[PDB]
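Working notes for the structure below.
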Amino acid sequence: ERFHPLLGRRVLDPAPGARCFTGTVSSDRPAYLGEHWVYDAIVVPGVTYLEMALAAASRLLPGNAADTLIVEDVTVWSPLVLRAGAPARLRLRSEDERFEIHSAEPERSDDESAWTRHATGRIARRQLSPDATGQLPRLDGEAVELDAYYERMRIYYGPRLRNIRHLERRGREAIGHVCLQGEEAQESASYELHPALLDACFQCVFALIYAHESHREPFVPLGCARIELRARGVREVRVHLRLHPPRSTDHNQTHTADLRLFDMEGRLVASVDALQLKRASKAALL
């Protein structure tokens, strides 16, 4: 059995059609979980659940290694607040093509009534047509000032989650270069798509958005229409992203974006269709 740092192990579930995983996480392990905050609280980023779902597709659905892993119609909510160092159980349950992800205290607080739901969606996998190299589009534009972006975002992200090396924009489109180093690089093959790398791609979208509106009350992923993953355990990509035209010119409650991640030879690694972003209120978090 192939274990996973977030999914954990297969566990029996009383529901007969169901297949289930459970694992323990804490802000110390995976270590990236201790470096993301909203309103000064440690909060598990939604890319965590996207990786759990990809990892489930890999393990539950039959196929060749070259098959594309697909997460569809995925909604995230109810931010999981971690107390530093205190373990939390994460559980992914799958029935037919659907999954749900819940968390609970280890000791529990009512057995099954003690689980809080964080994510739902569908998983799939398909043998898609071969991916050629050299497919990253050209974009000559203006370099985004990333030092000033990182300085603003240090209230949400620690040094483990500053992985954008360069970001060039032309209107609402951009190309970013994202590279992991350190522990995240070393452990990237344990993941289908390391959450720190996917988060860095989503931060390229934030960097476009925050050039024109405030980074306070931050946009958080709410879900996406589709994720397709064509290669696993990558640690370095170039990402092409497109922000949809916003409703307002100065301050929005929501945004939508599409992303396409490429390896350094320009073969497509992943696609994210219609990522939905929504500003998070502090109310009720703490």
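For the sequence shown, the authors' numbering assigns the number 1700 to the initial residue and increments by one for each residue that follows. Think of the CB as a built atom: it goes at the ideal place given N, C-alpha and C, for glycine as much as any other residue.
Cβ-based burial, residue i [other Cβ within 10 Å; buried from 16]
i, result
"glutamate 1844", "exposed"
"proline 1713", "exposed"
"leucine 1976", "buried"
"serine 1828", "exposed"
"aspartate 1962", "buried"
"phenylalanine 1702", "exposed"
"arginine 1868", "buried"
"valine 1737", "buried"
"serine 1808", "exposed"
"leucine 1711", "exposed"
Beta-carbon proximity of residue i to residue j, cut-off 8 Å
i, j, result
"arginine 1825", "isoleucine 1769", "yes"
"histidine 1943", "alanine 1924", "no"
"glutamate 1886", "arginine 1821", "no"
"residue 2006", "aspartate 1766", "The first residue shown for the chain is 1700 and the last is 1985, placing residue 2006 beyond what the model contains."
"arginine 1871", "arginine 1941", "yes"
"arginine 1937", "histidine 1876", "yes"
"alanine 1982", "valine 1919", "no"
"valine 1724", "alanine 1785", "no"
"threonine 1747", "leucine 1706", "no"
"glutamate 1799", "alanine 1823", "no"
"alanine 1884", "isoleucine 1926", "no"
Same chain, Cβ closer than 8 Å to residue i, neighbours up to 5 away in sequence not counted
i, result
"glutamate 1734", "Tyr1856, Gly1857, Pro1858, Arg1859 and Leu1860"
"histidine 1911", "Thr1948 and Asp1949"
Alpha-carbon spacing of residue i relative to residue j, whole angstroms
i, j, result
"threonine 1721", "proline 1744", "18 Å"
"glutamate 1935", "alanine 1895", "11 Å"
"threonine 1832", "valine 1773", "29 Å"
"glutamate 1882", "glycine 1932", "14 Å"
"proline 1945", "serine 1889", "37 Å"
"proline 1836", "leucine 1974", "20 Å"
"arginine 1709", "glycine 1922", "25 Å"
"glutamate 1850", "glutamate 1700", "42 Å"
Close Cβ partners of residue i (< 6 Å) along its chain, the five nearest in sequence each way excluded
i, result
"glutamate 1811", "none"
"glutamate 1964", "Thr1832"
Contacting residues, own chain, Cβ-Cβ under 7 Å from residue i (five flanking each side not counted)
i, result
"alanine 1717", "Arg1792, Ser1793 and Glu1794"
"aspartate 1727", "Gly1733 and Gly1784"
Counting Cβ pairs, one atom from each stretch, are 3 or more of them under 8 Å apart for the segment 1753-1767 and the segment 1912-1920?
Taking 8 Å as the limit for Cβ pairs, the verdict is that the segment 1912-1920 does not touch the segment 1753-1767.
Would you call the segment 1771-1779 and the segment 1739-1758 in contact, with 3 or more CB pairs under 8 Å?
Three or more beta-carbon pairs drawn from the segment 1771-1779 and the segment 1739-1758 are found closer than 8 Å, and the two stretches are therefore classed as touching.
Across the segment 1808-1817 and the segment 1827-1845, are there enough close Cβ pairs to call them in contact, namely three or more that are closer than 8 Å?
No, the segment 1808-1817 is not in contact with the segment 1827-1845.
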